[PDB]
Amino acid sequence: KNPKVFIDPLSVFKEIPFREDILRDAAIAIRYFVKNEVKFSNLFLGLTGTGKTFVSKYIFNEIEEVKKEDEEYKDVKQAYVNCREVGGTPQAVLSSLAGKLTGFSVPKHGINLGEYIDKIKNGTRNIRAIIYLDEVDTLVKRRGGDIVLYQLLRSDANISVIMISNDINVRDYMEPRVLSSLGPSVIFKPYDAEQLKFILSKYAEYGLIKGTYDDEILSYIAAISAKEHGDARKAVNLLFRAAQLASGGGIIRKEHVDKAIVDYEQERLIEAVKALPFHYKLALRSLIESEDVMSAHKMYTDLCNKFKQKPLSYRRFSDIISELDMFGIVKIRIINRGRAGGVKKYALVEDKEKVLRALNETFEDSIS
Amino acid sequence: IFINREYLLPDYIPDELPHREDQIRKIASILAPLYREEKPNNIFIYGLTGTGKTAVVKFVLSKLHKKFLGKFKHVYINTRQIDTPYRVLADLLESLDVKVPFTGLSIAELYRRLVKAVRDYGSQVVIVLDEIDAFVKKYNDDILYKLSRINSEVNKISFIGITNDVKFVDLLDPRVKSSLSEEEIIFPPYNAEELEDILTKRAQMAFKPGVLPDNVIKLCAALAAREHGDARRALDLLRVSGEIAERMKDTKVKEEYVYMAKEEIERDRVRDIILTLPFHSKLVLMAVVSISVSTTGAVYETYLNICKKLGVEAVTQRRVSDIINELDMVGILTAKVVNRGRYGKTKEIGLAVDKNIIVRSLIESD
DNA sequence: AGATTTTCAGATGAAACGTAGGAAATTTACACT
DNA sequence: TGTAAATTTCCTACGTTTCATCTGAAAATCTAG
Ligand SMILES: Nc1ncnc2c1ncn2[C@@H]1O[C@H](COP(=O)(O)OP(=O)(O)O)[C@@H](O)[C@H]1O
Ligand SMILES: Nc1ncnc2c1ncn2[C@@H]1O[C@H](COP(=O)(O)OP(=O)(O)O)[C@@H](O)[C@H]1O
Ligand SMILES: [K+]
Ligand SMILES: [Mg+2]
Ligand SMILES: [Mg+2]
């Protein structure tokens, strides 16, 4: 009942429970970078909501404070870039780095990718620089993404790189070069029930108001999440629902939690579609009234026409679909029928009925 | 327990390669011209897996690189690890100091840029292509002819091809064989005795005091000697053996540990394989499990049963008759074509792997 | 017995299938000079 | 002139299903003295 903690933890929390070792080992490797000119690269692996992102922001964020105070750090530049948020593309990523490191005048298109690395050297020419790459599992999955990192990690301009991926098997996606010249991987083990109950008890302490939360209920949520799951972002945001709701009196009982849960699983789908590139939505409706992909594409080319907008190639369409399946919105079938003319791509809309409601709602609110 | 297991990873490269004395001779002799800057003869190496092929070559080239010190380039490229005609030609065009964009070019125009890199390169160069099997398997033979025609259609580079089966020499219809079998070495599988030498010379760098009984090594060797004289088996079997006697926190190794290793190794070989199996192939296998010394018929039968209990349309018996054989190659099932007068012509089918490892992983996917 | 004729139960071959998907070509948006 | 990424244009080879042809020794039938 004092929201400041629940959307900007990095401002409240001056420490990260159960990640102390991670945090220390880093500030060590960095002090050895500044005082020893010794490069280092690490790969933060872990499931979602295990503090990967949070930790990093904190290292970065505290070091911003450190060079202010210290002075021997005065001369160190930092860049924090989110390979997913930008494009996922090498070009997109390299541009951003060269943005902060150099100064910030930088092209996004037209330039030869090498002249980004050339640009970065010039902006840190002796002067030490640190790199953070959240969700580098995007960059890697794209052509030449590891072939970029390799030329980063193992180039001249003394630069230390931190890579936080969300996909764990992200090594099998990485070329020998890269993996070989890579530093140690640091794995964020998901939290257990006890760990969660403490974390929550911290958030409860700061954001909420004494009395409204007992001890069993904190125990309750941690029990829920923790058990094959891990994930702290849910755990925290889960409290928030049962919090919202329990503004009644209020005491917060097992109810408030249960609802908060359905409230969360189904509410997800809503914005999960709200924020869905324009044609994707049109494509998505195509599917709800025909699972046949070639057939859907026709009622797609229809809605485009009706909204004076160029319909995309069926190839690009089948992709947007394939891609919608990577999203967990639809499910592709592929039925093969030998002499009976087989090979048809199909797509199932998970709920069909829920999604439609959300699609309608979204189109409608975006007119008033 | 150890003091460097790294001396046991299929990376490390030793001072000497015992018993590959003739193979080394024959190569560095048939590569000699490089010293006066003169294109050598193309070599074609075949032998089973773990017979030294990759080892010898990577080592002979590191020796000539120093003996000659002479201008001389070699690029070792693993067709397996590359898995794409683009990537192969993209490194080949990187090793010659040439820059290619990640996208924008296309095979055809890629060979074009490559013929330029050669006629502009003043250093005789040897190209190593390991496990060509892989990259001729699920790609085209083409790369060969087009690489043959390449030094040929402008006057030079030299090649070394390393594959695994005799059957591969058959795929070389064009001058591809005529111009590669110029020199053709064979890497016979190792002897158990040979395999003991190889293990001992690498063990004394790896372990600790008398942490490792002689007796362990002789059987570690004779185990792998029984499964196609494989040198990489003999090494894993040993390393793991050590790692196992490590988690069992004691500072020695026991024969009991090696048999232990062997199984453990299967588990993971198969678990990996089984995980990357077509939903439908996982399916045929599953039935064979619930049946446990049966006939293709009974298999398709219990196959339809699970498609039914699962709501997932079946597949032709025709696809299942081969999906079986396919699991034979992977070494999960064993199926033989028996001939029994009035009991017909079936595949006697049975499990090669353990039953548990086959299901725990099986479930790991669904 | 020995010499046949079936008879079983599946192997092995081959064709027909029509788009899903991979690779080239074009377009988009820029940049530098 | 250029480059990197997004989309369009081309074209077949992919995983099967269907149709058609083989297989090979067991057993059940016949053979004739
Ligand atoms: N140990 C922790 N202490 C405090 N808050 C945490 C902790 N772990 C997770 N959180 C909260 O949950 C969110 C999820 O963690 P996050 O930084 O997203 O890691 P990831 O990038 O792996 O998802 C964080 O942004 C933070 O608000
Ligand atoms: N004669 C040998 N001496 C030492 N090690 C060997 C010998 N033959 C093979 N090996 C080892 O086997 C491992 C992989 O074998 P490798 O030669 O790559 O087999 P292949 O290349 O035939 O698949 C390497 O670690 C290498 O040390
Ligand atoms: K077309
Ligand atoms: Mg994250
Ligand atoms: Mg090899």
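Taken in order, these protein sequences are the chains called B and A.
So for the first sequence, PDB author numbering puts the first residue at 17; every next one is plus one.
When the letters of the second sequence are read in order and numbered with PDB author numbering, they come out as residues 17 to 171, 174 to 310, 316 to 389.
Ideal Cβ placement from N, Cα and C applies to all residues, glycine included.
- prompt: Name the residues in the stretch 96-126 of chain A whose C-beta lies less than 8 Å from a C-beta of chain B; which are they?
  reply: Those would be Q97, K115, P117, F118 and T119, in chain order.
- request: Give every residue of the same chain whose Cβ lies closer than 8 Å to the Cβ of A/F186, excluding the five residues on either side of it in the sequence, and list them in chain order.
  value: So the list reads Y62, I148, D149 and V152, once near-sequence residues are dropped.
query: Got a sec: is the Cβ-Cβ distance from A/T70 to anything in chain B below 9 Å?
result: Chain B contact via Cβ: absent.
task: Go ahead and label A/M352 buried or exposed: buried means 16 or more other beta carbons lie within 10 angstroms of its beta carbon, across all protein chains shown.
output: Exposed.
task: Taking C-beta pairs closer than 7 Å, name the residues in chain A that B/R159 reaches, listed in chain order.
output: Residues of chain A passing the Cβ test: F118 and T119.
query: Interface residues of chain A around B/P192 at Cβ under 8 Å?
result: In chain order: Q97.
- request: May I ask which residues mark the beginning and end of the beta strand (DSSP E) holding B/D150?
  value: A145 to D150 is the extent of the beta strand (DSSP E) around B/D150.
task: Tell me whether the beta-carbon of A/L385 lies closer than 9 Å to the beta-carbon of A/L374.
output: No, Cβ-Cβ distance for A/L385 and A/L374 is not below 9 Å.
- request: Over the uninterrupted alpha helix (DSSP H) stretch that includes B/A220, give me the two end residues.
  value: Under the DSSP assignment, B/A220 falls in the alpha helix (DSSP H) whose first and last residues are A209 to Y222.
message: For a test of your reading of the model: does the CB of B/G344 fall under 8 Å from any non-hydrogen atom of ligand 2? Yes or no.
response: Closer than 8 Å to some heavy atom of ligand 2: that does not describe the Cβ of B/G344.
query: DSSP state of B/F323, grouped into three classes?
result: In the three-state reduction of the DSSP assignment, B/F323 falls in the coil class, being assigned neither a helical nor a strand state.
- request: Out of B/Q94, B/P25 and B/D183, point me to the one whose CA is closest to B/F76's CA.
  value: Answer by Cα proximity: B/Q94.
- prompt: Which residue's Cα is closest to the Cα of A/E110: A/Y323, A/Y28, A/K89 and A/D99?
  reply: Of A/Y323, A/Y28, A/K89 and A/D99, the residue nearest in Cα terms is A/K89.
- prompt: Can you list the residues of chain A that B/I163 reaches, using a CB-CB cut of under 9 Å?
  reply: Here the neighbours are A106 and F118.
Neighbour flag for B/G130 against chain A, beta carbons, 9 Å: Yes, its Cβ sits closer than 9 Å to a Cβ of chain A.
message: Here's the rule I'm using: 16 or more other beta-carbon atoms within 10 Å means buried, otherwise exposed. How should B/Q107 be labelled?
response: B/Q107 should be labelled buried.
query: If you draw a straight line from the alpha carbon of A/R165 to that of A/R103, how long is it in whole angstroms?
result: Cα-Cα distance, rounded: 20 Å.
message: At a cut-off of 8 Å, would you count B/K68 as near ligand 4, judging by its Cβ distance to the nearest heavy atom?
response: The answer is yes for B/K68.
task: Identify the continuous beta strand (DSSP E) that holds A/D146 and give its terminal residues.
output: DSSP places A/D146 in the uninterrupted beta strand (DSSP E) bounded by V141 to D146.
task: Quickly, what does DSSP pair B/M179 with across the bridge? List them, please.
output: DSSP, once it has assigned bridges, lists B/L59 and B/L149 as partnering B/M179.
message: If contact is defined by three or more beta carbon pairs under 8 Å, each pair taking one atom from either stretch, is the stretch 336-351 of chain B in contact with the stretch 359-370 of chain B?
response: Yes, the stretch 359-370 of chain B touches the stretch 336-351 of chain B.
query: DSSP beta-bridge partners for B/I203?
result: DSSP lists B/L61 as partners of B/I203.
- request: Please state if the CB of B/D247 and the CB of B/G104 are separated by a distance shorter than 9 Å.
  value: No, these two residues do not count as a Cβ contact at 9 Å.
- prompt: Any chance the CB of A/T70 is under 8 Å from a heavy atom of ligand 7?
  reply: Among the ligands in the structure shown, ligand 7 does not appear; only ligand 1, ligand 2, ligand 3, ligand 4 and ligand 5 can be found there.
field: Contacts around B/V156, its chain only, beta-carbon distance under 7 Å, and the 5 residues preceding and following it disregarded
entry: Cβ neighbours of B/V156 beyond the five flanking positions: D162, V186, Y189 and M190.
query: Is A/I386 helix, strand or coil when you go by DSSP?
result: The answer is helix: DSSP assigns A/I386 an H, G or I state.
task: Check the Cβ-Cβ distances between A/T339 and every residue of chain B, and say whether any is below 9 Å.
output: Yes, its Cβ sits closer than 9 Å to a Cβ of chain B.
task: Select from B/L234, B/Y166, B/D381 and B/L195 the residue whose C-alpha is nearest the C-alpha of B/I175.
output: Answer by Cα proximity: B/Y166.
message: Given this structure, state the Cα-to-Cα distance separating A/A240 from A/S196, to the nearest angstrom.
response: It is roughly 39 Å from the alpha-carbon of A/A240 to the alpha-carbon of A/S196.
message: Please state the DSSP three-state secondary structure of B/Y362.
response: It is a strand residue.
task: Please name the residue, chosen from B/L340, B/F49, B/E85 and B/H295, that lies closest to B/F323 on a Cα-to-Cα basis.
output: Ranking B/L340, B/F49, B/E85 and B/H295 by Cα distance to B/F323 puts B/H295 first.
query: Okay, do the stretch 231-238 of chain B and the stretch 192-203 of chain B touch, 3+ Cβ pairs below 8 Å being the bar?
result: Touching, no.
- prompt: In whole angstroms, what is the alpha-carbon distance linking B/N352 and A/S388?
  reply: As the crow flies, the alpha-carbon of B/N352 is around 23 Å from that of A/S388.
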